[PDB]
Amino acid sequence: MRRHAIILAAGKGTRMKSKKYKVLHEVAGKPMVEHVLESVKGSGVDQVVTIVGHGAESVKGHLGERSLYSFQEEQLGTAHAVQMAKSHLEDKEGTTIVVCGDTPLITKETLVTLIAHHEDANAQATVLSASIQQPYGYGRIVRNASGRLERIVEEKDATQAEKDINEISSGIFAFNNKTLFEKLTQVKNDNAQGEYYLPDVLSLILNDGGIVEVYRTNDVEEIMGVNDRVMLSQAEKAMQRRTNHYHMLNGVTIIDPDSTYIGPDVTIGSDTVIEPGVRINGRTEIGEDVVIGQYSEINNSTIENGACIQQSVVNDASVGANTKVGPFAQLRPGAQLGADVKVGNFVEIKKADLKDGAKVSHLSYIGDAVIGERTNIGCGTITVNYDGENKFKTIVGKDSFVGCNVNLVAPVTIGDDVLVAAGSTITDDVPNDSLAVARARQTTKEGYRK
Amino acid sequence: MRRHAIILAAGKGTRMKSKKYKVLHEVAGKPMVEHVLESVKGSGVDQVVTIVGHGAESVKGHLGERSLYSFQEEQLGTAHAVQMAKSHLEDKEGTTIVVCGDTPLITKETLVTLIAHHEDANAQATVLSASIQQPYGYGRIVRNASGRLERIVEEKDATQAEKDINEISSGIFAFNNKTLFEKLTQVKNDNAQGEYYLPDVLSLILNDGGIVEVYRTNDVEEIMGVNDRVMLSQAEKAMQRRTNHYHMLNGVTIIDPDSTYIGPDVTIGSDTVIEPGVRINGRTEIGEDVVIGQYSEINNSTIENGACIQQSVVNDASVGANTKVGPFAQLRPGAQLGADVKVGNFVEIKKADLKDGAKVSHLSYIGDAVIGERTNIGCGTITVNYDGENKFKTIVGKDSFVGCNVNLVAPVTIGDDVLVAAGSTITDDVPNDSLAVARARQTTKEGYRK
Amino acid sequence: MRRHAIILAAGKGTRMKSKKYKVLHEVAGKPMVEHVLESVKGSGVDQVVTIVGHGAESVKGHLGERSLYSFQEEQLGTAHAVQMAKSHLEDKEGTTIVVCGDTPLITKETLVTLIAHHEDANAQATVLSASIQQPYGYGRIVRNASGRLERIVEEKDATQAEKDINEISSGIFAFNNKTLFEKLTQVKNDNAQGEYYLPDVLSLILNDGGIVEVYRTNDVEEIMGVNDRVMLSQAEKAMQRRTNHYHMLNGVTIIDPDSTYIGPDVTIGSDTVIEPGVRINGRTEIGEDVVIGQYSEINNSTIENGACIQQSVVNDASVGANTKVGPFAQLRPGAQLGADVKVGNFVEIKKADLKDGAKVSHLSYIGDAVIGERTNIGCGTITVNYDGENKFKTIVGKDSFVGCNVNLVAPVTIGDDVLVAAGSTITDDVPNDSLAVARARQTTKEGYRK
Ligand SMILES: O=c1ccn([C@@H]2O[C@H](COP(=O)(O)OP(=O)(O)OP(=O)(O)O)[C@@H](O)[C@H]2O)c(=O)[nH]1
Ligand SMILES: O=c1ccn([C@@H]2O[C@H](COP(=O)(O)OP(=O)(O)OP(=O)(O)O)[C@@H](O)[C@H]2O)c(=O)[nH]1
Ligand SMILES: O=c1ccn([C@@H]2O[C@H](COP(=O)(O)OP(=O)(O)OP(=O)(O)O)[C@@H](O)[C@H]2O)c(=O)[nH]1
Ligand SMILES: O=P(O)(O)O[C@H]1O[C@H](CO)[C@@H](O)[C@H](O)[C@H]1O
Ligand SMILES: O=P(O)(O)O[C@H]1O[C@H](CO)[C@@H](O)[C@H](O)[C@H]1O
Ligand SMILES: O=P(O)(O)O[C@H]1O[C@H](CO)[C@@H](O)[C@H](O)[C@H]1O
Ligand SMILES: [Mg+2]
């Protein structure tokens with residue numbers, strides 16, 4: 001049977017005190033709604049619909065074609081939001097999970113099991129619950145003698161005995177999709193907020209004698225809903241605790257887990273050392289025996305075995321084995337460093353291929369360029385790749401020596417085994433085994449300052 | 001009626017184990033005594049006197065003319081210190097608050113209310129109190145049946161019932177100024193330390209049948225007195241907790257509140273994101289939708305809406321809307337960046353005006369200079385502004401292109417729509433719509449290295 | 001009497017999930033086994049033997065000649081490991097302590113007292129114990145009526161009354177060396193793990209009527225044994241807490257003790273300020289009144305009174321009084337900065353002597369060089385010290401001015417009171433009081449771009 005998801009992303013977010021949609025605020029460098037989408041899709045869901053409000057271009061921009069979209073004109077409650085998905089899902093069959101876009105810690109494994117538990121019980125609906133130390137204000141799970149849901153009782157309606165229940169509804173549900181949309185027509189908004197509340201469908205299903213199950217997650221933190229900036233930092237800290245503990249149980253040294261931020265899509269090989277203050281996000285793959293040095297930032301990159309990154313910024317880059325970067329270097333998108341390369345302090349690499357053994361040790365910019373194997377780029381050297389309209393390519397051959405403070409005015413090709421003299425501005429191609437020099441000779445005015 | 005303050009700043013500070021006056025040690029980048037002065041002045045005080053010891057030039061240097069000064073030759077106690085203010089304040093009328101210079105968390109709102117409570121009761125003296133979980137060693141507030149002060153009882157003198165009192169004297173008082181100086185003459189130093197203790201004036205006022213009130217602050221942390229380096233870090237952490245919570249309740253995202261240090265004079269607009277490790281101090285104004293990136297330091301600066309600062313150092317600078325700075329850039333005093341400017345890695349800007357749209361993308365120094373709108377400054381370019389005696393100005397017009405590794409030898413003016421060729425040292429003014437080139441042509445010695 | 005130590009460093013370390021020997025993982029930038037060696041040697045030990053396994057070249061590489069080595073072919077337990085030291089120690093007399101290489105917090109003062117307590121009791125063996133809040137699973141110290149050891153009882157063997165004992169064996173022992181090696185011959189491996197357990201020698205000594213003493217350490221954290229990556233971060237945090245508290249009780253300001261990492265071999269003078277995120281390791285000496293600015297890394301260096309280091313990387317360097325470094329500078333090994341020197345942003349110094357008052361303010365590389373007193377090195381200047389085979393020296397005299405973007409092509413000597421014009425490549429020595437210039441003159445093509 002097919003599986004669908006509705007992600008609720010259209011609320012006003014008044015407690016966030018923001019001009020942006022709440023679900024666009026980030027945890028681990030990604031919007032909350034994108035964490036939710038990743039988990040939903042990872043749970044095996046065939047189709048996702050995201051409920052969006054007015055001016056949702058940013059949300060739709062961010063999820064792209066990974067989700068369908070339904071517009072909620074007025075924010076009249078969670079059940080009304082789910083109703084907006086009718087055009088996409090009313091006549092679908094199978095299981096539909098509903099998840100709020102502000103629940104970024106939800107795991108794909110918990111959703112997989114919620115769905116499997118629902119389908120195997122052939123339930124009409126299944127509520128995801130959790131046990132919490134302080135359940136004040138949450139709907140309490142009241143189970144009947146068979147262990148299925150008797151009702152979710154709100155604080156205001158609970159007897160003193162029911163208030164002692166610690167098992168609470170997370171607000172995340174799985175539904176028989178046909179039943180969901182049939183019961184939504186009967187939900188009323190006869191209450192103080194004037195809102196259509198999604199849990200009301202469960203009481204409609206119960207009053208009709210349908211089966212509502214309960215699946216309890218063992219990780220209460222994963223159902224946390226972020227409503228303000230304090231809760232957003234708590235979600236960053238919960239995610240940090242989760243990922244750091246994962247890597248430390250898998251052979252990664254993390255010197256200071258409180259100050260180290262590793263995103264949920266990062267993989268790290270064993271015997272790697274992450275120093276304090278490091279932030280690693282995006283889809284990053286780090287091999288074994290790597291050192292990521294203090295206060296580095298690494299996004300969407302590949303760092304191979306034995307590499308050393310010291311206090312550097314790395315984006316959309318690849319770093320080969322045993323290569324050394326930094327301190328204070330920047331690898332920009334398309335930087336491709338081979339193995340045994342050196343990129344020293346105050347060096348910027350952009351859209352450039354540094355072949356094995358090449359060295360760019362200091363105070364240089366290498367952009368739109370290929371640097372051949374074992375070539376030494378001197379201090380202060382610049383690929384002049386830009387004319388103000390277009391970009392041009394620089395090619396340097398292997399085993400060459402590019403002197404200090406050299407300007408390579410692209411497009412230009414430097415051969416193999418070439419020496420380019422320090423201080424030269426090179427405009428013409430230089431063949432293999434040549435010396436190129438473009439600088440004035442020295443005039444010494446002796447005694448001029450006597 | 002007028003209002004005066006005496007700030008006590010002359011103690012030996014033996015427990016600090018310092019060669020500097022205790023009140024000069026810093027919290028949030030400012031001396032403790034300056035935090036106290038700011039609060040006192042913010043409370044509406046007409047005149048401030050600071051009691052200083054020998055070698056106080058540093059204290060007087062720091063507060064300048066915002067305070068009067070009285071010299072305390074020997075450190076004989078708080079009441080003796082207050083006596084040193086006689087020359088300035090003996091014949092003044094009105095309310096006088098006495099605050100120690102080592103109480104940097106004291107808030108101007110608590111002082112405003114201490115003073116108002118004192119004046120509205122027409123009290124002779126009012127003690128600021130607080131409730132503390134562990135009151136051992138502090139003077140306990142013993143109130144009479146009318147709720148006013150009966151006495152402050154020291155631990156050594158208290159009955160077991162009195163020791164159970166959690167309401168303690170903060171050591172901060174408001175006085176009828178004429179009564180204060182009349183009673184100081186009667187305080188004796190007949191005790192083990194040989195010291196004249198300020199609280200003794202309250203018992204003199206009480207024994208004469210005068211009214212002493214009690215105003216209790218709800219924030220016990222604000223009366224903390226720093227006596228050693230451990231307490232100084234506790235005061236930094238208390239101030240951090242206070243300011244971070246303020247900004248997060250006002251629409252600011254702070255990813256890691258434990259590692260983020262925002263001074264008390266910083267204002268931050270909503271939807272701004274402060275990344276981990278950021279330190280913002282001085283009189284700084286940050287607009288809305290700003291990103292301050294990890295491990296940046298920003299002091300005394302203005303950063304407008306939508307700007308992005310990445311791992312950079314910014315001092316006494318202004319950054320316009322949507323401008324991007326860093327990573328690893330430095331803005332020095334007088335740096336003025338317009339809107340939509342780019343300042344890239346390893347760039348230093350000092351006393352320089354970068355007009356809207358200008359770009360300084362890498363490895364450059366711009367000092368004593370004006371860069372016109374949309375002008376592109378190439379990699380490695382330097383305003384040579386210094387001759388070893390004086391500084392000179394560089395002017396670059398709009399829509400110009402300054403090539404890579406160019407030296408602009410000031411004073412020099414570059415016109416509009418100019419191209420300066422890479423590698424050039426420019427000594428003469430360059431008119432609009434011109435090409436300037438100052439470099440040797442290339443000699444290629446083919447086969448030289450065969 | 002002589003004193004010996006056996007350090008156990010050959011275990012498989014399976015719970016570390018590592019390809020390296022456990023004792024080689026680091027705390028405060030040093031392998032755990034090196035912390036243990038430092039403490040043992042600091043306790044007065046005449047000879048150290050370290051038990052190593054196969055492929056121990058890295059361990060032997062790291063300790064060098066400060067230890068003897070004995071090879072343990074199969075990991076058959078702590079008593080078997082100690083037996084491997086027979087070749088070095090079997091016929092020695094005196095006291096022998098046995099310490100695991102994974103106990104990096106062990107202090108030399110605790111070992112000194114363990115040994116003195118052992119010798120003064122003329123004991124056969126002495127166990128180092130500690131009191132722990134949760135003793136589950138540890139061997140309990142059961143003392144007899146005279147206060148000496150009756151037995152160490154394992155959890156599995158203890159009565160309920162014995163399980164309530166909080167005093168536990170640390171696994172660190174002192175032995176009469178002749179008795180140790182005589183009893184090791186009788187230890188059997190008749191147990192489930194098939195292992196020879198060192199504590200079994202104590203029960204052999206007891207059954208023969210020998211005296212076994214107990215010395216209790218007051219710091220339970222120092223006997224912590226690191227078995228996994230979580231415990232390794234706990235040991236980093238325990239060491240951080242220990243050193244930070246030490247320096248703060250000795251007149252050092254540490255703004256954020258949770259984010260500041262100071263190694264155990266660092267000395268710091270009073271009134272120094274350590275800002276957040278600073279990491280100081282190796283054998284580092286920092287004088288009084290120093291500021292180490294946020295997110296700096298300093299290793300094996302000397303920083304004298306009043307120096308200021310801002311967000312910089314410093315290795316094997318020396319910095320004189322009142323010298324300013326950074327932000328974003330790098331001092332590499334052999335950098336020697338005199339007093340009142342300035343090293344500004346994006347400057348790299350390697351194997352270079354900067355005499356008093358010299359200034360290297362930005363975007364420069366100084367390597368294999370001497371810069372004389374008060375000499376000003378302009379922005380972009382480079383000592384071209386490398387030809388691709390060898391390194392050459394640059395000498396600059398005093399009170400000279402080296403212009404911006406100058407290349408000094410070593411070997412070259414620049415005299416005193418010299419001006420080198422901006423943009424010059426200098427290949428020939430320049431005498432005192434001279435002007436040197438090596439650059440093309442400017443061609444302005446007016447109207448070229450009209
Ligand atoms: O009408 C609604 C209400 C809520 N939602 C979505 O349901 C989830 C839970 O909704 P919340 O109650 O947590 O967020 P809110 O937008 O209502 O913020 P406040 O004003 O209460 O502070 C959120 O993700 C929200 O976007 C809708 O899509 N439509
Ligand atoms: O005689 C004094 C005593 C104290 N003070 C000021 O009163 C306030 C409280 O004085 P403290 O008792 O807290 O500081 P101290 O200087 O006496 O330091 P220790 O030797 O006790 O460690 C401090 O701010 C102090 O400067 C004086 O001005 N004069
Ligand atoms: O046979 C041994 C056992 C242990 N040791 C050394 O004794 C000390 C305590 O040994 P551990 O039990 O703590 O470490 P281990 O190597 O056995 O790691 P696990 O597989 O149990 O996870 C460690 O330092 C170890 O190196 C030996 O030298 N030889
Ligand atoms: O002496 P340094 O600074 O270590 O480095 C020197 O030799 C290196 C060899 O790899 C070169 O890459 C550098 O260009 C050069 O400055
Ligand atoms: O290719 P890059 O490194 O992104 O940047 C290039 O084009 C930019 C246009 O803004 C210029 O400012 C840079 O001088 C140039 O290097
Ligand atoms: O104006 P700035 O940037 O402060 O500094 C200027 O004068 C300094 C005097 O010390 C020189 O060292 C610098 O080379 C120069 O750029
Ligand atoms: Mg340069």
# chains A, B, ... in the order shown; residues from 1 in each chain; ligands from 1
$ residues_near_ligand --ligand "ligand 2" --cutoff "7 Å" --atoms "only C-alpha atoms and all ligand atoms" --output "PyMOL selection string"
chain B and resi 8-16+22-23+51-52+74-78+80-81+100-102+225-227
$ interface_residues --of "chain A" --to "chain C" --cutoff "6 Å" --atoms "only C-alpha atoms" --output "MDAnalysis selection string"
chainID A and resid 248 251 253 255 271 440:450
$ write_last_selection --atoms "N, CA and C atoms" --output "compact mmCIF listing (two decimals), in the first residue's frame"
# COMPACT_ATOMS: atom_id res chain seq x y z
N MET A 248 31.13 9.56 18.45
CA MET A 248 32.03 9.08 19.49
C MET A 248 31.85 7.59 19.77
N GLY A 251 34.14 5.55 16.85
CA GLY A 251 35.57 5.71 16.68
C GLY A 251 36.06 7.09 16.33
N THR A 253 37.16 10.84 17.63
CA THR A 253 37.47 11.64 18.81
C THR A 253 36.88 13.03 18.66
N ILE A 255 37.04 16.36 20.91
CA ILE A 255 37.72 16.89 22.10
C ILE A 255 36.73 17.58 23.04
N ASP A 271 39.18 7.11 13.92
CA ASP A 271 40.46 7.70 14.28
C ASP A 271 40.60 9.15 13.84
N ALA A 440 61.57 44.84 -14.10
CA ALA A 440 62.63 45.81 -14.30
C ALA A 440 63.87 45.39 -13.51
N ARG A 441 65.03 45.76 -14.02
CA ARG A 441 66.25 45.49 -13.27
C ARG A 441 66.45 46.56 -12.19
N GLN A 442 67.32 46.25 -11.23
CA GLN A 442 67.47 47.07 -10.03
C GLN A 442 68.41 48.25 -10.28
N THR A 443 67.97 49.44 -9.89
CA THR A 443 68.79 50.64 -9.83
C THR A 443 69.06 50.97 -8.36
N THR A 444 70.33 51.01 -7.97
CA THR A 444 70.69 51.36 -6.60
C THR A 444 71.32 52.75 -6.61
N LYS A 445 70.70 53.68 -5.89
CA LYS A 445 71.17 55.06 -5.80
C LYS A 445 71.94 55.21 -4.49
N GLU A 446 73.24 54.93 -4.56
CA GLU A 446 74.03 54.85 -3.35
C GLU A 446 74.21 56.24 -2.74
N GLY A 447 74.02 56.32 -1.43
CA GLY A 447 74.18 57.59 -0.74
C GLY A 447 73.06 58.56 -0.97
N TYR A 448 71.97 58.13 -1.62
CA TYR A 448 70.88 59.05 -1.98
C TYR A 448 70.25 59.68 -0.75
N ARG A 449 70.25 58.97 0.37
CA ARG A 449 69.59 59.40 1.59
C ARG A 449 70.57 59.87 2.65
N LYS A 450 71.77 60.27 2.23
CA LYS A 450 72.81 60.66 3.19
C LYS A 450 72.56 62.07 3.70
$ select_by_dssp --residues "stretch 141-250 of chain A" --states "helix (DSSP H, G or I)" --output "JSON, numbers by chain"
{"A": [155, 156, 157, 160, 161, 162, 163, 177, 178, 179, 180, 181, 182, 183, 184, 200, 201, 202, 203, 204, 205, 206, 207, 220, 221, 222, 223, 229, 230, 231, 232, 233, 234, 235, 236, 237, 238, 239, 240, 241, 242, 243, 244, 245, 246, 247, 248]}
$ select_by_dssp --residues "stretch 395-425 of chain C" --states "strand (DSSP E)" --output "PyMOL selection string"
chain C and resi 395-396+401-402+407-409+412-414+419-420+425
$ write_last_selection --atoms "N, CA and C atoms" --output "PDB file, in the first residue's frame"
ATOM      1  N   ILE C 395      68.987  39.753   4.974  1.00  0.00           N
ATOM      2  CA  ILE C 395      69.337  40.629   6.090  1.00  0.00           C
ATOM      3  C   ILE C 395      68.896  42.052   5.777  1.00  0.00           C
ATOM      4  N   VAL C 396      68.117  42.642   6.674  1.00  0.00           N
ATOM      5  CA  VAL C 396      67.736  44.046   6.540  1.00  0.00           C
ATOM      6  C   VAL C 396      68.253  44.803   7.749  1.00  0.00           C
ATOM      7  N   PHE C 401      63.303  51.313   5.450  1.00  0.00           N
ATOM      8  CA  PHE C 401      61.920  51.289   4.974  1.00  0.00           C
ATOM      9  C   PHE C 401      61.834  50.395   3.749  1.00  0.00           C
ATOM     10  N   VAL C 402      61.236  49.226   3.884  1.00  0.00           N
ATOM     11  CA  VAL C 402      61.089  48.345   2.727  1.00  0.00           C
ATOM     12  C   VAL C 402      59.681  48.574   2.188  1.00  0.00           C
ATOM     13  N   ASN C 407      59.912  42.295  -3.404  1.00  0.00           N
ATOM     14  CA  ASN C 407      60.487  40.956  -3.341  1.00  0.00           C
ATOM     15  C   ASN C 407      61.964  41.081  -3.071  1.00  0.00           C
ATOM     16  N   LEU C 408      62.405  40.523  -1.942  1.00  0.00           N
ATOM     17  CA  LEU C 408      63.820  40.502  -1.577  1.00  0.00           C
ATOM     18  C   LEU C 408      64.353  39.126  -1.952  1.00  0.00           C
ATOM     19  N   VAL C 409      65.158  39.047  -3.009  1.00  0.00           N
ATOM     20  CA  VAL C 409      65.533  37.743  -3.558  1.00  0.00           C
ATOM     21  C   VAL C 409      66.826  37.299  -2.869  1.00  0.00           C
ATOM     22  N   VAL C 412      70.492  38.343   0.120  1.00  0.00           N
ATOM     23  CA  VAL C 412      70.610  39.765  -0.170  1.00  0.00           C
ATOM     24  C   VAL C 412      70.689  40.491   1.155  1.00  0.00           C
ATOM     25  N   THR C 413      71.507  41.542   1.196  1.00  0.00           N
ATOM     26  CA  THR C 413      71.655  42.379   2.386  1.00  0.00           C
ATOM     27  C   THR C 413      71.183  43.799   2.089  1.00  0.00           C
ATOM     28  N   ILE C 414      70.280  44.302   2.913  1.00  0.00           N
ATOM     29  CA  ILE C 414      69.816  45.678   2.825  1.00  0.00           C
ATOM     30  C   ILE C 414      70.407  46.426   4.006  1.00  0.00           C
ATOM     31  N   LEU C 419      65.765  53.100   1.816  1.00  0.00           N
ATOM     32  CA  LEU C 419      64.404  53.051   1.280  1.00  0.00           C
ATOM     33  C   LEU C 419      64.393  52.164   0.048  1.00  0.00           C
ATOM     34  N   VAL C 420      63.587  51.116   0.080  1.00  0.00           N
ATOM     35  CA  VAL C 420      63.361  50.296  -1.105  1.00  0.00           C
ATOM     36  C   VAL C 420      61.992  50.671  -1.653  1.00  0.00           C
ATOM     37  N   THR C 425      61.668  44.439  -7.242  1.00  0.00           N
ATOM     38  CA  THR C 425      62.281  43.134  -6.995  1.00  0.00           C
ATOM     39  C   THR C 425      63.786  43.335  -6.824  1.00  0.00           C
TER      40      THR C 425
END
$ residues_around --residues "residue B:265" --least-positions-apart "3" --cutoff "9 Å" --atoms "only C-alpha atoms" --output "ChimeraX atom specification"
/B:262,281-285
$ residues_near_ligand --ligand "ligand 5" --cutoff "8 Å" --atoms "only C-alpha atoms and all ligand atoms" --output "PyMOL selection string"
(chain A and resi 350+367-368+384-386+388+391) or (chain B and resi 342+359-362+376-379+404)
$ residues_around --residues "residue A:316" --least-positions-apart "5" --cutoff "9 Å" --atoms "only C-alpha atoms" --output "list in words"
residues 284, 298, 299, 300, 301, 302, 331, 332, 333, 334 and 335 of chain A
$ atom_distance --atom1 "atom CA of residue C:223" --atom2 "atom CA of residue C:162"
21.5 Å
